[PDB]
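A.B. asks: Sharing data00.pdb (PDB, C-alpha atoms and all ligand atoms) below.
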ATOM      1  CA  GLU X   1     -59.682-136.598 -48.421  1.00  0.00           C
ATOM      2  CA  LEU X   2     -56.929-138.307 -46.426  1.00  0.00           C
ATOM      3  CA  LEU X   3     -56.037-135.256 -44.342  1.00  0.00           C
ATOM      4  CA  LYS X   4     -53.599-134.898 -41.459  1.00  0.00           C
ATOM      5  CA  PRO X   5     -55.401-135.154 -38.119  1.00  0.00           C
ATOM      6  CA  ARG X   6     -54.864-131.984 -36.134  1.00  0.00           C
ATOM      7  CA  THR X   7     -55.949-133.498 -32.830  1.00  0.00           C
ATOM      8  CA  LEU X   8     -57.005-136.747 -31.296  1.00  0.00           C
ATOM      9  CA  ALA X   9     -60.623-135.623 -31.679  1.00  0.00           C
ATOM     10  CA  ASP X  10     -59.938-134.922 -35.318  1.00  0.00           C
ATOM     11  CA  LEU X  11     -58.252-138.314 -35.813  1.00  0.00           C
ATOM     12  CA  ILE X  12     -61.284-139.983 -34.263  1.00  0.00           C
ATOM     13  CA  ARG X  13     -63.596-138.212 -36.705  1.00  0.00           C
ATOM     14  CA  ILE X  14     -61.429-139.282 -39.596  1.00  0.00           C
ATOM     15  CA  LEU X  15     -61.480-142.874 -38.336  1.00  0.00           C
ATOM     16  CA  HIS X  16     -65.236-142.803 -38.284  1.00  0.00           C
ATOM     17  CA  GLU X  17     -65.099-141.988 -42.020  1.00  0.00           C
ATOM     18  CA  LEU X  18     -62.499-144.639 -42.863  1.00  0.00           C
ATOM     19  CA  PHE X  19     -64.654-147.294 -41.256  1.00  0.00           C
ATOM     20  CA  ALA X  20     -67.908-145.998 -42.760  1.00  0.00           C
ATOM     21  CA  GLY X  21     -67.817-148.990 -45.155  1.00  0.00           C
ATOM     22  CA  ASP X  22     -67.687-152.763 -44.762  1.00  0.00           C
ATOM     23  CA  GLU X  23     -63.991-153.048 -45.573  1.00  0.00           C
ATOM     24  CA  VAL X  24     -60.801-151.522 -44.279  1.00  0.00           C
ATOM     25  CA  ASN X  25     -58.073-149.809 -46.216  1.00  0.00           C
ATOM     26  CA  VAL X  26     -55.234-150.839 -43.960  1.00  0.00           C
ATOM     27  CA  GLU X  27     -52.648-148.534 -45.517  1.00  0.00           C
ATOM     28  CA  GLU X  28     -54.867-145.491 -45.247  1.00  0.00           C
ATOM     29  CA  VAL X  29     -55.743-146.214 -41.639  1.00  0.00           C
ATOM     30  CA  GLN X  30     -52.065-146.692 -40.788  1.00  0.00           C
ATOM     31  CA  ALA X  31     -51.178-143.561 -42.723  1.00  0.00           C
ATOM     32  CA  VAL X  32     -53.704-141.490 -40.803  1.00  0.00           C
ATOM     33  CA  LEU X  33     -52.658-142.926 -37.455  1.00  0.00           C
ATOM     34  CA  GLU X  34     -49.046-142.166 -38.091  1.00  0.00           C
ATOM     35  CA  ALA X  35     -49.795-138.622 -39.243  1.00  0.00           C
ATOM     36  CA  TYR X  36     -51.436-137.648 -35.948  1.00  0.00           C
ATOM     37  CA  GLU X  37     -48.706-136.057 -33.847  1.00  0.00           C
ATOM     38  CA  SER X  38     -49.063-137.246 -30.319  1.00  0.00           C
ATOM     39  CA  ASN X  39     -50.153-134.438 -28.038  1.00  0.00           C
ATOM     40  CA  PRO X  40     -50.102-135.639 -24.372  1.00  0.00           C
ATOM     41  CA  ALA X  41     -52.677-133.104 -23.181  1.00  0.00           C
ATOM     42  CA  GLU X  42     -55.323-134.525 -25.526  1.00  0.00           C
ATOM     43  CA  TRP X  43     -54.915-138.045 -24.207  1.00  0.00           C
ATOM     44  CA  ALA X  44     -53.938-137.449 -20.539  1.00  0.00           C
ATOM     45  CA  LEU X  45     -57.518-138.366 -19.594  1.00  0.00           C
ATOM     46  CA  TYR X  46     -56.982-141.903 -20.893  1.00  0.00           C
ATOM     47  CA  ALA X  47     -53.422-142.441 -19.627  1.00  0.00           C
ATOM     48  CA  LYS X  48     -54.326-144.264 -16.417  1.00  0.00           C
ATOM     49  CA  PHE X  49     -51.432-146.461 -15.282  1.00  0.00           C
ATOM     50  CA  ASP X  50     -51.323-149.486 -13.007  1.00  0.00           C
ATOM     51  CA  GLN X  51     -48.178-150.258 -11.053  1.00  0.00           C
ATOM     52  CA  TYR X  52     -48.145-153.989 -11.881  1.00  0.00           C
ATOM     53  CA  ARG X  53     -49.124-154.380 -15.503  1.00  0.00           C
ATOM     54  CA  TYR X  54     -50.226-152.546 -18.615  1.00  0.00           C
ATOM     55  CA  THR X  55     -53.715-151.155 -18.742  1.00  0.00           C
ATOM     56  CA  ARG X  56     -56.187-150.824 -21.591  1.00  0.00           C
ATOM     57  CA  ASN X  57     -58.257-147.709 -21.645  1.00  0.00           C
ATOM     58  CA  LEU X  58     -61.191-147.339 -24.088  1.00  0.00           C
ATOM     59  CA  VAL X  59     -61.198-144.050 -25.970  1.00  0.00           C
ATOM     60  CA  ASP X  60     -63.939-144.460 -28.585  1.00  0.00           C
ATOM     61  CA  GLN X  61     -66.404-147.282 -29.204  1.00  0.00           C
ATOM     62  CA  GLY X  62     -66.412-146.661 -32.892  1.00  0.00           C
ATOM     63  CA  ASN X  63     -69.390-147.178 -35.108  1.00  0.00           C
ATOM     64  CA  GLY X  64     -69.753-150.807 -34.301  1.00  0.00           C
ATOM     65  CA  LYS X  65     -66.841-151.542 -36.623  1.00  0.00           C
ATOM     66  CA  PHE X  66     -63.911-150.646 -34.376  1.00  0.00           C
ATOM     67  CA  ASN X  67     -62.595-149.748 -30.970  1.00  0.00           C
ATOM     68  CA  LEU X  68     -59.978-147.163 -30.239  1.00  0.00           C
ATOM     69  CA  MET X  69     -58.060-147.401 -26.980  1.00  0.00           C
ATOM     70  CA  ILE X  70     -54.988-146.247 -25.154  1.00  0.00           C
ATOM     71  CA  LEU X  71     -52.572-148.699 -23.559  1.00  0.00           C
ATOM     72  CA  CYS X  72     -50.279-147.627 -20.694  1.00  0.00           C
ATOM     73  CA  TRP X  73     -47.124-149.564 -20.063  1.00  0.00           C
ATOM     74  CA  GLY X  74     -45.145-149.053 -16.916  1.00  0.00           C
ATOM     75  CA  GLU X  75     -41.425-149.703 -16.972  1.00  0.00           C
ATOM     76  CA  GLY X  76     -40.791-153.346 -17.715  1.00  0.00           C
ATOM     77  CA  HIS X  77     -44.423-154.138 -18.485  1.00  0.00           C
ATOM     78  CA  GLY X  78     -45.206-156.417 -21.395  1.00  0.00           C
ATOM     79  CA  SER X  79     -47.878-158.620 -22.898  1.00  0.00           C
ATOM     80  CA  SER X  80     -48.137-162.282 -23.552  1.00  0.00           C
ATOM     81  CA  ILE X  81     -47.555-163.686 -26.932  1.00  0.00           C
ATOM     82  CA  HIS X  82     -50.988-163.330 -28.466  1.00  0.00           C
ATOM     83  CA  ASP X  83     -53.250-163.225 -31.465  1.00  0.00           C
ATOM     84  CA  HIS X  84     -55.830-160.623 -32.433  1.00  0.00           C
ATOM     85  CA  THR X  85     -58.927-162.719 -32.984  1.00  0.00           C
ATOM     86  CA  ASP X  86     -59.364-162.304 -36.737  1.00  0.00           C
ATOM     87  CA  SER X  87     -59.177-158.498 -36.411  1.00  0.00           C
ATOM     88  CA  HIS X  88     -57.114-155.728 -37.846  1.00  0.00           C
ATOM     89  CA  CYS X  89     -54.895-154.279 -35.142  1.00  0.00           C
ATOM     90  CA  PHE X  90     -53.124-150.934 -35.336  1.00  0.00           C
ATOM     91  CA  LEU X  91     -50.732-149.740 -32.681  1.00  0.00           C
ATOM     92  CA  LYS X  92     -49.398-146.174 -32.573  1.00  0.00           C
ATOM     93  CA  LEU X  93     -46.870-144.993 -30.014  1.00  0.00           C
ATOM     94  CA  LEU X  94     -47.914-141.816 -28.185  1.00  0.00           C
ATOM     95  CA  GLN X  95     -45.012-141.782 -25.726  1.00  0.00           C
ATOM     96  CA  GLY X  96     -41.836-143.822 -25.124  1.00  0.00           C
ATOM     97  CA  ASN X  97     -40.921-146.980 -26.990  1.00  0.00           C
ATOM     98  CA  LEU X  98     -42.061-150.562 -27.172  1.00  0.00           C
ATOM     99  CA  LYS X  99     -40.323-153.680 -28.403  1.00  0.00           C
ATOM    100  CA  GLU X 100     -42.489-155.882 -30.666  1.00  0.00           C
ATOM    101  CA  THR X 101     -41.450-159.518 -31.058  1.00  0.00           C
ATOM    102  CA  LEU X 102     -43.043-161.485 -33.958  1.00  0.00           C
ATOM    103  CA  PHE X 103     -43.772-165.189 -33.721  1.00  0.00           C
ATOM    104  CA  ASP X 104     -45.220-167.642 -36.204  1.00  0.00           C
ATOM    105  CA  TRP X 105     -48.379-169.545 -35.460  1.00  0.00           C
ATOM    106  CA  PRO X 106     -47.184-172.732 -33.683  1.00  0.00           C
ATOM    107  CA  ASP X 107     -47.698-176.182 -35.139  1.00  0.00           C
ATOM    108  CA  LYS X 108     -49.936-178.599 -33.293  1.00  0.00           C
ATOM    109  CA  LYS X 109     -46.791-180.301 -31.939  1.00  0.00           C
ATOM    110  CA  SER X 110     -45.475-178.957 -28.637  1.00  0.00           C
ATOM    111  CA  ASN X 111     -42.390-176.920 -29.497  1.00  0.00           C
ATOM    112  CA  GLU X 112     -40.628-173.826 -28.271  1.00  0.00           C
ATOM    113  CA  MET X 113     -41.846-170.722 -30.055  1.00  0.00           C
ATOM    114  CA  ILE X 114     -38.864-169.051 -31.651  1.00  0.00           C
ATOM    115  CA  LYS X 115     -39.193-165.415 -32.726  1.00  0.00           C
ATOM    116  CA  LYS X 116     -39.448-164.535 -36.430  1.00  0.00           C
ATOM    117  CA  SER X 117     -38.117-161.014 -35.784  1.00  0.00           C
ATOM    118  CA  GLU X 118     -38.233-157.956 -33.592  1.00  0.00           C
ATOM    119  CA  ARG X 119     -38.417-154.232 -33.868  1.00  0.00           C
ATOM    120  CA  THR X 120     -38.406-151.155 -31.744  1.00  0.00           C
ATOM    121  CA  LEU X 121     -41.522-149.041 -32.170  1.00  0.00           C
ATOM    122  CA  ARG X 122     -40.678-145.399 -31.523  1.00  0.00           C
ATOM    123  CA  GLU X 123     -42.818-142.380 -30.721  1.00  0.00           C
ATOM    124  CA  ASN X 124     -45.437-141.619 -33.289  1.00  0.00           C
ATOM    125  CA  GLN X 125     -44.726-144.727 -35.372  1.00  0.00           C
ATOM    126  CA  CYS X 126     -47.761-146.853 -36.253  1.00  0.00           C
ATOM    127  CA  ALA X 127     -47.445-150.631 -36.590  1.00  0.00           C
ATOM    128  CA  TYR X 128     -50.040-153.085 -37.885  1.00  0.00           C
ATOM    129  CA  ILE X 129     -50.643-156.736 -37.047  1.00  0.00           C
ATOM    130  CA  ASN X 130     -53.228-159.272 -37.938  1.00  0.00           C
ATOM    131  CA  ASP X 131     -53.473-163.031 -37.549  1.00  0.00           C
ATOM    132  CA  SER X 132     -52.253-163.729 -41.096  1.00  0.00           C
ATOM    133  CA  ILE X 133     -49.009-161.832 -40.285  1.00  0.00           C
ATOM    134  CA  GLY X 134     -48.429-163.763 -37.093  1.00  0.00           C
ATOM    135  CA  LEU X 135     -48.513-163.442 -33.330  1.00  0.00           C
ATOM    136  CA  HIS X 136     -46.670-160.922 -31.267  1.00  0.00           C
ATOM    137  CA  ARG X 137     -45.645-159.849 -27.842  1.00  0.00           C
ATOM    138  CA  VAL X 138     -45.265-156.149 -27.107  1.00  0.00           C
ATOM    139  CA  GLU X 139     -43.138-154.922 -24.196  1.00  0.00           C
ATOM    140  CA  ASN X 140     -41.839-151.714 -22.748  1.00  0.00           C
ATOM    141  CA  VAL X 141     -38.283-152.701 -21.979  1.00  0.00           C
ATOM    142  CA  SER X 142     -37.461-149.283 -20.580  1.00  0.00           C
ATOM    143  CA  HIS X 143     -36.154-149.172 -17.005  1.00  0.00           C
ATOM    144  CA  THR X 144     -36.933-145.458 -16.764  1.00  0.00           C
ATOM    145  CA  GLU X 145     -39.724-144.350 -19.155  1.00  0.00           C
ATOM    146  CA  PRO X 146     -43.375-145.400 -19.201  1.00  0.00           C
ATOM    147  CA  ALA X 147     -44.858-145.980 -22.688  1.00  0.00           C
ATOM    148  CA  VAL X 148     -48.325-145.067 -23.964  1.00  0.00           C
ATOM    149  CA  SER X 149     -49.779-146.443 -27.168  1.00  0.00           C
ATOM    150  CA  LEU X 150     -52.959-145.955 -29.166  1.00  0.00           C
ATOM    151  CA  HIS X 151     -54.655-149.108 -30.423  1.00  0.00           C
ATOM    152  CA  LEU X 152     -57.382-149.562 -33.060  1.00  0.00           C
ATOM    153  CA  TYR X 153     -59.047-152.889 -33.625  1.00  0.00           C
ATOM    154  CA  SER X 154     -61.619-153.831 -36.173  1.00  0.00           C
ATOM    155  CA  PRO X 155     -63.887-155.497 -35.705  1.00  0.00           C
ATOM    156  CA  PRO X 156     -63.762-154.974 -31.957  1.00  0.00           C
ATOM    157  CA  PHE X 157     -62.853-158.028 -29.934  1.00  0.00           C
ATOM    158  CA  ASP X 158     -62.843-158.730 -26.220  1.00  0.00           C
ATOM    159  CA  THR X 159     -61.035-162.078 -26.167  1.00  0.00           C
ATOM    160  CA  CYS X 160     -57.711-163.337 -27.534  1.00  0.00           C
ATOM    161  CA  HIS X 161     -55.259-166.200 -27.002  1.00  0.00           C
ATOM    162  CA  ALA X 162     -52.075-166.095 -25.054  1.00  0.00           C
ATOM    163  CA  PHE X 163     -49.366-168.540 -26.107  1.00  0.00           C
ATOM    164  CA  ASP X 164     -46.948-170.456 -23.899  1.00  0.00           C
ATOM    165  CA  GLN X 165     -43.518-169.758 -25.372  1.00  0.00           C
ATOM    166  CA  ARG X 166     -42.072-173.114 -24.311  1.00  0.00           C
ATOM    167  CA  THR X 167     -44.733-175.167 -26.056  1.00  0.00           C
ATOM    168  CA  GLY X 168     -46.912-173.010 -28.259  1.00  0.00           C
ATOM    169  CA  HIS X 169     -50.066-174.037 -26.426  1.00  0.00           C
ATOM    170  CA  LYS X 170     -52.784-171.420 -26.235  1.00  0.00           C
ATOM    171  CA  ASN X 171     -55.328-170.399 -23.685  1.00  0.00           C
ATOM    172  CA  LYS X 172     -58.241-168.076 -24.171  1.00  0.00           C
ATOM    173  CA  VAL X 173     -58.059-164.811 -22.346  1.00  0.00           C
ATOM    174  CA  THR X 174     -60.854-162.326 -21.788  1.00  0.00           C
ATOM    175  CA  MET X 175     -59.652-158.766 -22.124  1.00  0.00           C
ATOM    176  CA  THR X 176     -60.608-156.100 -19.650  1.00  0.00           C
ATOM    177  CA  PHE X 177     -60.827-152.334 -19.910  1.00  0.00           C
ATOM    178  CA  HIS X 178     -59.134-150.525 -17.097  1.00  0.00           C
ATOM    179  CA  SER X 179     -61.204-147.450 -17.980  1.00  0.00           C
ATOM    180  CA  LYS X 180     -63.750-146.314 -20.536  1.00  0.00           C
ATOM    181  CA  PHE X 181     -64.039-142.765 -21.866  1.00  0.00           C
ATOM    182  CA  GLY X 182     -61.911-141.512 -18.981  1.00  0.00           C
ATOM    183  CA  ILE X 183     -63.891-143.312 -16.258  1.00  0.00           C
ATOM    184  CA  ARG X 184     -62.123-146.017 -14.254  1.00  0.00           C
ATOM    185  CA  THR X 185     -64.114-149.257 -14.612  1.00  0.00           C
ATOM    186  CA  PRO X 186     -63.333-151.774 -11.823  1.00  0.00           C
TER     187      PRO X 186
HETATM  188 FE    FE D 201     -51.280-157.289 -29.653  1.00  0.00          FE
END
Go ahead and render the structure in this file as structure tokens.

C.D. replies:
Amino acid sequence: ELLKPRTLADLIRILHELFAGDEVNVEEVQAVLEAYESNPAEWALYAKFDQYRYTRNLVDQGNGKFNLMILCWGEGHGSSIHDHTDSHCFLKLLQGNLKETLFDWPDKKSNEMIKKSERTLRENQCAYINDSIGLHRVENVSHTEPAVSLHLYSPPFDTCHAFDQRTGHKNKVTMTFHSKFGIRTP
């Protein structure tokens, strides 16, 4: 039943099964993501980089219940501190490394956001975040190696909040897709 994905295509089929229902077995989804061994040739089509910031490239629109996408992080590129809009969010490294910094939800008082923790996500590892866990910022701190990650969100969402680290104030951000199914979408 839970079988090792042989290919990205195979993983995508398995994901369609795991999200056949109304709920989400987070551990099984994370297990399957982690078991797929990144094969660059199978995701080259989606790995479209931008010189100035990380790009989000839609891979599969899911069955209504999730989106699967590939994020490409140039050297030194990172995200804001942000939430995931009441969704499950899985992140699997396909190439390089990313630093994830965890932050607590801020209190309504204006205060510096101090980090709860940090980790280095390494190739093939799959992390999970959701709002009840906290907020995070994800960065590729490498000076020399681009990173590529595979992200699954469920339900799909196209807006989130970015947080100001000095004060914890949030602002709503609309998320863009740099490409969809291999096609650049300006
Ligand atoms: Fe995130």

A.B. asks: Could you make a table, as JSON lines, of the residues of chain X that have an atom within 8 Å of an atom of ligand FE 201 (chain D), each with its nearest atom pair and distance in Å to one decimal, counting only C-alpha atoms and all ligand atoms, in chain and number order?

C.D. replies:
{"residue": "X:79", "atom": "CA", "partner": "D:FE201", "partner_atom": "FE", "distance": 7.7}
{"residue": "X:81", "atom": "CA", "partner": "D:FE201", "partner_atom": "FE", "distance": 7.9}
{"residue": "X:82", "atom": "CA", "partner": "D:FE201", "partner_atom": "FE", "distance": 6.2}
{"residue": "X:83", "atom": "CA", "partner": "D:FE201", "partner_atom": "FE", "distance": 6.5}
{"residue": "X:84", "atom": "CA", "partner": "D:FE201", "partner_atom": "FE", "distance": 6.3}
{"residue": "X:89", "atom": "CA", "partner": "D:FE201", "partner_atom": "FE", "distance": 7.2}
{"residue": "X:129", "atom": "CA", "partner": "D:FE201", "partner_atom": "FE", "distance": 7.4}
{"residue": "X:135", "atom": "CA", "partner": "D:FE201", "partner_atom": "FE", "distance": 7.7}
{"residue": "X:136", "atom": "CA", "partner": "D:FE201", "partner_atom": "FE", "distance": 6.1}
{"residue": "X:137", "atom": "CA", "partner": "D:FE201", "partner_atom": "FE", "distance": 6.4}
{"residue": "X:138", "atom": "CA", "partner": "D:FE201", "partner_atom": "FE", "distance": 6.6}

A.B. asks: So, counting all atoms listed in the file, which residue among X:36, X:105, X:128, X:181 is closest to residue 162 of chain X?

C.D. replies: X:105

A.B. asks: Find, counting all atoms listed in the file, the residue in X:66, X:19, X:163, X:177 that gets nearest to residue 104 of chain X.

C.D. replies: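 Looking only at the distances to residue 104 of chain X, the closest residue turns out to be X:163.
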
A.B. asks: Determine, counting all atoms listed in the file, which protein, DNA and RNA residues have an atom within 9 Å of an atom of residue 15 of chain X; residues of the same chain fewer than 3 positions away are not included. Present the result as a VMD selection string.

C.D. replies: chain X and resid 10 to 12 18 to 20 29 32 to 33 62

A.B. asks: Would you output that residue set with C-alpha atoms, as a PDB file, keeping the file's coordinate frame?

C.D. replies:
ATOM      1  CA  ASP X  10     -59.938-134.922 -35.318  1.00  0.00           C
ATOM      2  CA  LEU X  11     -58.252-138.314 -35.813  1.00  0.00           C
ATOM      3  CA  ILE X  12     -61.284-139.983 -34.263  1.00  0.00           C
ATOM      4  CA  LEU X  18     -62.499-144.639 -42.863  1.00  0.00           C
ATOM      5  CA  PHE X  19     -64.654-147.294 -41.256  1.00  0.00           C
ATOM      6  CA  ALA X  20     -67.908-145.998 -42.760  1.00  0.00           C
ATOM      7  CA  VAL X  29     -55.743-146.214 -41.639  1.00  0.00           C
ATOM      8  CA  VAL X  32     -53.704-141.490 -40.803  1.00  0.00           C
ATOM      9  CA  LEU X  33     -52.658-142.926 -37.455  1.00  0.00           C
ATOM     10  CA  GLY X  62     -66.412-146.661 -32.892  1.00  0.00           C
TER      11      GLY X  62
END

A.B. asks: Expanded to explicit residues, what is the PyMOL selection byres (((chain X and resi 125) around 8) and not hetatm) for this file, as a PyMOL selection string?

C.D. replies: chain X and resi 34+92-93+121-124+126-127

A.B. asks: So how far away is atom CA of residue 90 of chain X from atom CA of residue 119 of chain X, in Å?

C.D. replies: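 Between atom CA of residue 119 of chain X and atom CA of residue 90 of chain X the gap is 15.1 Å.
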
A.B. asks: For segment 44-48 of chain X, I'd like the enclosing box, axis-aligned and padded by 3 Å on every side, reported as lines of an AutoDock Vina configuration file with centre and edge lengths in Å to one decimal.

C.D. replies:
center_x = -55.5
center_y = -140.9
center_z = -18.7
size_x = 10.1
size_y = 12.8
size_z = 10.5

A.B. asks: Residue by residue, what does the PyMOL selection byres (((chain X and resi 157) around 12) and not hetatm) grab here? Present the result as a PyMOL selection string.

C.D. replies: chain X and resi 61+64-68+83-89+152-156+158-161+173-177

A.B. asks: Identify which of the residues X:53, X:172, X:184, X:77 lies closest to residue 143 of chain X, counting all atoms listed in the file when measuring atom-to-atom distances.

C.D. replies: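 Among the listed residues, the smallest separation from residue 143 of chain X belongs to X:77.
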
A.B. asks: In Å, rounded to a single decimal, give me how far atom CA of residue 75 of chain X is from atom CA of residue 57 of chain X.

C.D. replies: 17.6 Å

A.B. asks: Write out as a VMD selection string the residues lying within 8 Å of residue 116 of chain X, counting all atoms listed in the file and excluding same-chain residues fewer than 2 positions away.

C.D. replies: chain X and resid 101 to 104 114 118

A.B. asks: Could you list, as a VMD selection string, every residue within 9 Å of residue 164 of chain X, counting all atoms listed in the file and ignoring same-chain residues fewer than 2 positions away?

C.D. replies: chain X and resid 80 to 81 112 to 113 162 166 to 171

A.B. asks: Can you spit out the residues from that selection as a PDB file, in the frame of the given file, using C-alpha atoms?

C.D. replies:
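Output below, filename selection00.pdb:
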ATOM      1  CA  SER X  80     -48.137-162.282 -23.552  1.00  0.00           C
ATOM      2  CA  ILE X  81     -47.555-163.686 -26.932  1.00  0.00           C
ATOM      3  CA  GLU X 112     -40.628-173.826 -28.271  1.00  0.00           C
ATOM      4  CA  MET X 113     -41.846-170.722 -30.055  1.00  0.00           C
ATOM      5  CA  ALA X 162     -52.075-166.095 -25.054  1.00  0.00           C
ATOM      6  CA  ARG X 166     -42.072-173.114 -24.311  1.00  0.00           C
ATOM      7  CA  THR X 167     -44.733-175.167 -26.056  1.00  0.00           C
ATOM      8  CA  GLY X 168     -46.912-173.010 -28.259  1.00  0.00           C
ATOM      9  CA  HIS X 169     -50.066-174.037 -26.426  1.00  0.00           C
ATOM     10  CA  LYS X 170     -52.784-171.420 -26.235  1.00  0.00           C
ATOM     11  CA  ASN X 171     -55.328-170.399 -23.685  1.00  0.00           C
TER      12      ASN X 171
END

A.B. asks: Export segment 100-135 of chain X, C-alpha atoms, as a PDB file, in the first residue's frame; it's the structure right above.

C.D. replies:
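Output file out-v3.pdb follows:
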ATOM      1  CA  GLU X 100      14.508  26.495   8.383  1.00  0.00           C
ATOM      2  CA  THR X 101      14.014  28.906  11.280  1.00  0.00           C
ATOM      3  CA  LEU X 102      10.929  28.344  13.512  1.00  0.00           C
ATOM      4  CA  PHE X 103       9.095  31.204  15.175  1.00  0.00           C
ATOM      5  CA  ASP X 104       6.114  31.284  17.495  1.00  0.00           C
ATOM      6  CA  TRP X 105       2.968  33.130  16.577  1.00  0.00           C
ATOM      7  CA  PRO X 106       3.527  36.693  17.894  1.00  0.00           C
ATOM      8  CA  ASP X 107       1.374  38.218  20.601  1.00  0.00           C
ATOM      9  CA  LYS X 108      -0.763  41.207  19.730  1.00  0.00           C
ATOM     10  CA  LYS X 109       1.859  43.428  21.409  1.00  0.00           C
ATOM     11  CA  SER X 110       4.628  44.716  19.148  1.00  0.00           C
ATOM     12  CA  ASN X 111       7.715  42.691  20.025  1.00  0.00           C
ATOM     13  CA  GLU X 112      10.751  41.290  18.291  1.00  0.00           C
ATOM     14  CA  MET X 113      10.141  37.783  17.014  1.00  0.00           C
ATOM     15  CA  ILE X 114      12.753  35.523  18.529  1.00  0.00           C
ATOM     16  CA  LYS X 115      13.350  32.124  16.924  1.00  0.00           C
ATOM     17  CA  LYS X 116      12.133  28.952  18.662  1.00  0.00           C
ATOM     18  CA  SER X 117      14.737  26.837  16.837  1.00  0.00           C
ATOM     19  CA  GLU X 118      16.465  26.090  13.577  1.00  0.00           C
ATOM     20  CA  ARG X 119      17.498  23.173  11.478  1.00  0.00           C
ATOM     21  CA  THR X 120      19.319  22.368   8.314  1.00  0.00           C
ATOM     22  CA  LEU X 121      17.191  20.480   5.811  1.00  0.00           C
ATOM     23  CA  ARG X 122      19.414  18.269   3.675  1.00  0.00           C
ATOM     24  CA  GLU X 123      18.880  16.570   0.334  1.00  0.00           C
ATOM     25  CA  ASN X 124      15.964  14.221   0.246  1.00  0.00           C
ATOM     26  CA  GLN X 125      14.774  15.088   3.758  1.00  0.00           C
ATOM     27  CA  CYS X 126      11.089  15.993   4.075  1.00  0.00           C
ATOM     28  CA  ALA X 127       9.936  18.534   6.665  1.00  0.00           C
ATOM     29  CA  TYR X 128       6.374  19.404   7.658  1.00  0.00           C
ATOM     30  CA  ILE X 129       4.879  22.638   8.964  1.00  0.00           C
ATOM     31  CA  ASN X 130       1.439  23.843   9.751  1.00  0.00           C
ATOM     32  CA  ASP X 131       0.060  26.856  11.586  1.00  0.00           C
ATOM     33  CA  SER X 132      -0.366  24.970  14.876  1.00  0.00           C
ATOM     34  CA  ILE X 133       3.398  24.189  14.840  1.00  0.00           C
ATOM     35  CA  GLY X 134       4.354  27.786  14.209  1.00  0.00           C
ATOM     36  CA  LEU X 135       5.713  30.112  11.561  1.00  0.00           C
TER      37      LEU X 135
END
